[PDB]
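Take a look at the structure below.
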There are 2 protein chains.
Amino acid sequence: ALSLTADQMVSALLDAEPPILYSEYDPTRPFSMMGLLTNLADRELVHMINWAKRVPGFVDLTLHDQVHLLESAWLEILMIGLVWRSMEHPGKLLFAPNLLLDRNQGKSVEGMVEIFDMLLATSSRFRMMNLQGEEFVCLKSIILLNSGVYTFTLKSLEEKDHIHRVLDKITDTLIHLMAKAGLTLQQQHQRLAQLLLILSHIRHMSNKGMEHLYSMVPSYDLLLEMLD
Amino acid sequence: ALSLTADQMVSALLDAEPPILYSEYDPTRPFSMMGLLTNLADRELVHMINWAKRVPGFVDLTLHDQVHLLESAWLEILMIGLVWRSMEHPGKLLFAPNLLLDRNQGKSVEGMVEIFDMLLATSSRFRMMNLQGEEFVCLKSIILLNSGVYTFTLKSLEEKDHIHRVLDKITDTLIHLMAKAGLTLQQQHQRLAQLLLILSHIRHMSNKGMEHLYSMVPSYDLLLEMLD
Ligand SMILES: CC(C)CN1CCc2cc(O)ccc2[C@H]1c1ccc(/C=C/C(=O)O)cc1
Ligand SMILES: CC(C)CN1CCc2cc(O)ccc2[C@H]1c1ccc(/C=C/C(=O)O)cc1
């Protein structure tokens, strides 16, 4: 994992990409939103576990640490996936190819339109930056490794060190992608910063989303069971 | 602001630094924690407004946008300040020079020890990275400009553009500080990323903190009044 080249890292992440799932509803029947979104999120989680195990360095960690990282990051990962899927659909959120929802549709649940608006704005930011697929997969892997790394013994110190080393490799990779695309050294650092700063907003969105869900979520046990 | 050199940006930010305030309690009297922390935060906010107005580019924005940015960022700014103050005090949070609290003291309020632990871990991360004062002031300014920029008309488009341009200048500045300190180009990008990724955790901490406070906060009107 730490011996991978930038090109190899990118290829590994692109290969690890999960599929785009569909919403489960009878399309011949008349058009609950939260039920549809929950069932979709449930099914995506399984594929996210598989994806996570294919992110270089991730399976080198202890099971306990893998669970902690996924516990911290899962909603951020679903959200960045959603925002990426929605990028070329101004004003809409592509939850699934058969479930493309606008802001007005979000108003059907109390507190939801606020979250829809933040996701739509992130998609807008992605569009304005012209985010590339190779950059997106790097960012999603960064979320997985970074979100829980500040909230964790000699083994723990080794785990955190490894995580930072893998994150450094992904940073190198992002820069390499920007250098290959022809950006100047200045533009490279600037774009790196712009991309990483969006991750703070994705964290914010996830926290707001978790508040919504807790006001009504995969347990440590379910995640542990799925990862073990 | 956009014509400032890296050295000028750093100097401007160092000059803008607010003072370290003291907790208001009778030190001759026997040792409420939340009351002490709230009163401290109240007084710090006033100085934060002054500081914000001295961050290059900030007063170029509309009053409304200044308020929005501060509304989004104020707790993150208090927290990064706290973590910086605490950096050379392992296991303790230096809320003020006369109010140095350990994790055990946080247990006196339900839900607080969790927040103390996250802040202490961030201080630990700062210590391990050997964060420099010049880097800290850059990061605090980045929080101010970035935290609310995704949640905002032709004027709004101009405002967001300006904010991104100022953020790009601060990125250039951070890199310049790392280049002057003798880091390689690789190390520069890596450290930039490490620093910006901590900001995601600071956002997380602020969200957790706001949840605590809302379960019991400066209004738009107070912030507007103070900024106007
Ligand atoms: C209020 C948010 C949590 C709604 N999110 C937005 C992000 C997102 C992305 C997806 O790609 C699929 C669904 C969603 C939904 C969502 C809705 C419900 C749940 C609930 C999960 C559970 O209760 O286990 C999770 C996410
Ligand atoms: C639970 C957290 C919000 C406690 N924080 C931690 C960060 C911090 C940094 C400071 O430098 C000073 C105080 C604090 C406290 C804190 C406590 C109360 C309030 C309340 C403010 C209000 O009610 O206006 C804000 C922050």
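If you're wondering about the labels, chains in the structure tokens are A, B, ... by order shown, residues count from 1 in each chain, ligands from 1 in order shown.
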Contacts of range 116-120 of chain B at 7 Å (only C-alpha atoms; same-chain gap of 6+ positions) as a VMD selection string: (chain A and resid 151) or (chain B and resid 83 91 to 93 103 106 205)
Write out the residues from the selection above, keeping N, CA and C atoms, as a CSV table (one decimal), in the first residue's frame.
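In the end it all went to part39.csv:
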chain,number,residue,atom,x,y,z
A,151,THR,N,-10.3,10.3,16.8
A,151,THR,CA,-11.2,9.9,17.9
A,151,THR,C,-11.0,8.4,18.3
B,83,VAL,N,-7.4,24.8,21.5
B,83,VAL,CA,-6.4,23.7,21.2
B,83,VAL,C,-5.0,24.2,21.1
B,91,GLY,N,-2.7,16.6,28.2
B,91,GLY,CA,-3.7,16.2,29.1
B,91,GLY,C,-4.6,17.2,29.7
B,92,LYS,N,-4.4,18.5,29.4
B,92,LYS,CA,-5.2,19.6,29.9
B,92,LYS,C,-5.6,20.6,28.9
B,93,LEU,N,-6.7,21.2,29.1
B,93,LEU,CA,-7.3,22.3,28.2
B,93,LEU,C,-7.1,23.6,28.9
B,103,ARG,N,-9.4,16.2,31.8
B,103,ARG,CA,-10.6,15.4,31.4
B,103,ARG,C,-11.5,15.1,32.5
B,106,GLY,N,-14.0,17.7,33.3
B,106,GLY,CA,-15.1,17.7,32.3
B,106,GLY,C,-16.3,16.8,32.6
B,205,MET,N,-16.1,18.8,15.9
B,205,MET,CA,-16.1,19.2,17.3
B,205,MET,C,-17.1,20.3,17.5
All strand (DSSP E) residues (DSSP, backbone) inside range 1-204 of chain B, as a PDB file with N, CA and C atoms, in the first residue's frame:
ATOM      1  N   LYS B  92      -4.373  18.502  29.391  1.00  0.00           N
ATOM      2  CA  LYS B  92      -5.151  19.604  29.941  1.00  0.00           C
ATOM      3  C   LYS B  92      -5.624  20.558  28.855  1.00  0.00           C
ATOM      4  N   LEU B  93      -6.725  21.238  29.138  1.00  0.00           N
ATOM      5  CA  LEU B  93      -7.262  22.253  28.245  1.00  0.00           C
ATOM      6  C   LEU B  93      -7.106  23.603  28.917  1.00  0.00           C
ATOM      7  N   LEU B  94      -6.325  24.482  28.294  1.00  0.00           N
ATOM      8  CA  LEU B  94      -6.067  25.822  28.824  1.00  0.00           C
ATOM      9  C   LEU B  94      -7.148  26.772  28.317  1.00  0.00           C
ATOM     10  N   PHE B  95      -8.320  26.703  28.944  1.00  0.00           N
ATOM     11  CA  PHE B  95      -9.418  27.607  28.616  1.00  0.00           C
ATOM     12  C   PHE B  95      -8.970  29.043  28.853  1.00  0.00           C
ATOM     13  N   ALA B  96      -8.298  29.258  29.982  1.00  0.00           N
ATOM     14  CA  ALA B  96      -7.638  30.527  30.303  1.00  0.00           C
ATOM     15  C   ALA B  96      -6.403  30.228  31.145  1.00  0.00           C
ATOM     16  N   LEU B  99      -7.497  28.901  34.292  1.00  0.00           N
ATOM     17  CA  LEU B  99      -8.524  27.873  34.187  1.00  0.00           C
ATOM     18  C   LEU B  99      -8.021  26.766  33.269  1.00  0.00           C
ATOM     19  N   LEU B 100      -7.164  25.924  33.839  1.00  0.00           N
ATOM     20  CA  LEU B 100      -6.547  24.816  33.137  1.00  0.00           C
ATOM     21  C   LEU B 100      -7.243  23.550  33.621  1.00  0.00           C
ATOM     22  N   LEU B 101      -8.036  22.922  32.753  1.00  0.00           N
ATOM     23  CA  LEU B 101      -8.902  21.814  33.158  1.00  0.00           C
ATOM     24  C   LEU B 101      -8.489  20.495  32.512  1.00  0.00           C
ATOM     25  N   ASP B 102      -8.484  19.429  33.307  1.00  0.00           N
ATOM     26  CA  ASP B 102      -8.230  18.092  32.780  1.00  0.00           C
ATOM     27  C   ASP B 102      -9.539  17.390  32.438  1.00  0.00           C
TER      28      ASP B 102
END
Contacts to ligand 1 at 6 Å cut-off (only C-alpha atoms and all ligand atoms) as a list in words: residues 37, 38, 40, 41, 42, 78, 79, 82, 95, 209, 210, 212, 217 and 218 of chain A
Closest atom pairs, residues of chain B within 8 Å of chain A, only C-alpha atoms, as CSV:
residue,atom,partner,partner_atom,distance
B:118,CA,A:151,CA,6.5
B:121,CA,A:150,CA,6.3
B:122,CA,A:150,CA,6.9
B:125,CA,A:150,CA,7.9
B:146,CA,A:197,CA,7.2
B:147,CA,A:201,CA,7.1
B:150,CA,A:121,CA,6.3
B:151,CA,A:118,CA,6.5
B:168,CA,A:190,CA,5.6
B:171,CA,A:190,CA,6.2
B:172,CA,A:190,CA,7.2
B:175,CA,A:189,CA,7.9
B:186,CA,A:172,CA,7.3
B:189,CA,A:189,CA,6.7
B:190,CA,A:168,CA,5.6
B:192,CA,A:193,CA,7.6
B:193,CA,A:171,CA,6.8
B:194,CA,A:168,CA,7.9
B:196,CA,A:196,CA,6.5
B:197,CA,A:196,CA,6.7
B:199,CA,A:200,CA,6.5
B:200,CA,A:200,CA,4.2
B:201,CA,A:147,CA,7.1
B:203,CA,A:200,CA,6.3
B:204,CA,A:203,CA,6.5
B:207,CA,A:207,CA,6.7
Any chance you could export the current selection's N, CA, C and O atoms as a compact mmCIF listing (two decimals), in the first residue's frame?
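The result, stored in result_11.txt:
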# COMPACT_ATOMS: atom_id res chain seq x y z
N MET B 118 -12.11 15.05 22.63
CA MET B 118 -11.85 15.38 21.23
C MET B 118 -10.90 16.57 21.12
O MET B 118 -9.99 16.58 20.30
N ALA B 121 -7.38 15.45 22.09
CA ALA B 121 -6.78 14.72 20.96
C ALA B 121 -6.31 15.66 19.84
O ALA B 121 -5.30 15.38 19.19
N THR B 122 -7.05 16.74 19.60
CA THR B 122 -6.64 17.70 18.57
C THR B 122 -5.35 18.41 19.02
O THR B 122 -4.43 18.60 18.22
N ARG B 125 -2.58 16.15 18.40
CA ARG B 125 -2.24 16.14 16.97
C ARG B 125 -1.39 17.35 16.60
O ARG B 125 -0.39 17.21 15.88
N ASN B 146 -13.93 29.80 5.21
CA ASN B 146 -14.43 28.57 4.59
C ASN B 146 -15.71 28.00 5.21
O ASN B 146 -16.52 27.38 4.52
N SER B 147 -15.90 28.15 6.52
CA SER B 147 -16.94 27.37 7.19
C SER B 147 -18.35 27.68 6.70
O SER B 147 -19.17 26.78 6.59
N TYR B 150 -20.12 27.67 1.83
CA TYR B 150 -20.94 26.72 1.06
C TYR B 150 -22.44 26.82 1.40
O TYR B 150 -23.26 26.15 0.76
N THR B 151 -22.79 27.65 2.38
CA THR B 151 -24.19 27.76 2.85
C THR B 151 -24.81 29.16 2.70
O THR B 151 -25.76 29.50 3.40
N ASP B 168 -7.21 31.05 -1.47
CA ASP B 168 -6.06 30.69 -2.31
C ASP B 168 -4.79 31.43 -1.86
O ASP B 168 -3.71 30.84 -1.86
N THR B 171 -3.56 29.74 1.22
CA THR B 171 -2.90 28.49 0.82
C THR B 171 -1.46 28.76 0.36
O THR B 171 -0.52 28.10 0.82
N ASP B 172 -1.31 29.73 -0.54
CA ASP B 172 0.01 30.19 -1.00
C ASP B 172 0.92 30.56 0.17
O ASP B 172 2.11 30.25 0.17
N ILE B 175 2.05 27.39 2.21
CA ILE B 175 3.11 26.76 1.42
C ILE B 175 4.42 27.57 1.52
O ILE B 175 5.49 26.99 1.72
N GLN B 186 7.41 17.84 -1.78
CA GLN B 186 6.55 16.74 -1.34
C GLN B 186 6.03 16.96 0.08
O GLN B 186 4.84 16.81 0.35
N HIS B 189 3.26 19.79 0.33
CA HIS B 189 1.91 19.37 -0.02
C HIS B 189 1.34 18.45 1.05
O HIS B 189 0.17 18.58 1.44
N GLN B 190 2.17 17.53 1.55
CA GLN B 190 1.74 16.58 2.58
C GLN B 190 1.32 17.29 3.86
O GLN B 190 0.26 16.98 4.42
N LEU B 192 0.47 20.54 4.17
CA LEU B 192 -0.71 21.33 3.85
C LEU B 192 -1.95 20.48 4.02
O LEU B 192 -2.91 20.89 4.68
N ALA B 193 -1.94 19.28 3.43
CA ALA B 193 -3.07 18.37 3.51
C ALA B 193 -3.37 17.96 4.95
O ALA B 193 -4.53 17.96 5.37
N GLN B 194 -2.33 17.59 5.70
CA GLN B 194 -2.48 17.20 7.10
C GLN B 194 -3.14 18.32 7.90
O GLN B 194 -4.06 18.06 8.69
N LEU B 196 -5.05 20.87 6.76
CA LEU B 196 -6.42 21.13 6.32
C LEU B 196 -7.37 20.02 6.74
O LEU B 196 -8.53 20.27 7.01
N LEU B 197 -6.86 18.79 6.82
CA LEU B 197 -7.68 17.67 7.25
C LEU B 197 -8.07 17.78 8.73
O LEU B 197 -9.14 17.32 9.12
N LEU B 199 -8.92 20.49 10.09
CA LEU B 199 -10.08 21.39 10.08
C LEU B 199 -11.42 20.65 9.99
O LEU B 199 -12.42 21.11 10.55
N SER B 200 -11.45 19.50 9.31
CA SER B 200 -12.66 18.67 9.28
C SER B 200 -13.02 18.18 10.67
O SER B 200 -14.20 18.13 11.04
N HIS B 201 -12.01 17.81 11.45
CA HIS B 201 -12.25 17.39 12.82
C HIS B 201 -12.72 18.56 13.70
O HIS B 201 -13.57 18.38 14.57
N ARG B 203 -14.47 21.11 12.67
CA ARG B 203 -15.88 21.26 12.30
C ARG B 203 -16.73 20.27 13.08
O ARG B 203 -17.77 20.62 13.62
N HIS B 204 -16.29 19.02 13.10
CA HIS B 204 -16.99 17.97 13.82
C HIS B 204 -17.15 18.34 15.30
O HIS B 204 -18.24 18.25 15.87
N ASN B 207 -19.75 21.07 15.72
CA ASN B 207 -21.11 20.53 15.61
C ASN B 207 -21.54 19.81 16.87
O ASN B 207 -22.66 20.00 17.36
Residue set, range 72-215 of chain A restricted to alpha helix (DSSP H), as a PyMOL selection string: chain A and resi 72-85+103-106+112-129+133-146+154-180+185-215
Close residues, residue 64 in chain A itself excluded, 10 Å, only C-alpha atoms, min 3 positions apart in chain, as a PyMOL selection string: chain A and resi 61+67-69+152+220+224+227-228
Shell of 9 Å around residue 55 in chain B, only C-alpha atoms, local chain residues under 2 positions omitted, as a PyMOL selection string: chain B and resi 1+9+12-13+16+51-53+57-59+141+144
Residue with smallest distance to residue 213 in chain A - pool A:139, A:113, A:75, A:128, counting only C-alpha atoms: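 Closest candidate: A:75.
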Using only C-alpha atoms: which of A:90, A:18, A:81, A:97 has the shortest distance to residue 54 in chain A: A:18
CA of residue 80 in chain B to CA of residue 133 in chain B, straight-line distance in Å: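 We find that CA of residue 133 in chain B and CA of residue 80 in chain B lie 12.0 Å from each other.
Candidate residues B:129, B:2, B:216, B:154 were compared for distance to ligand 2, and the nearest is B:216, using only C-alpha atoms and all ligand atoms.
Between CA of residue 21 in chain A and CA of residue 46 in chain A lies a distance of 11.3 Å.
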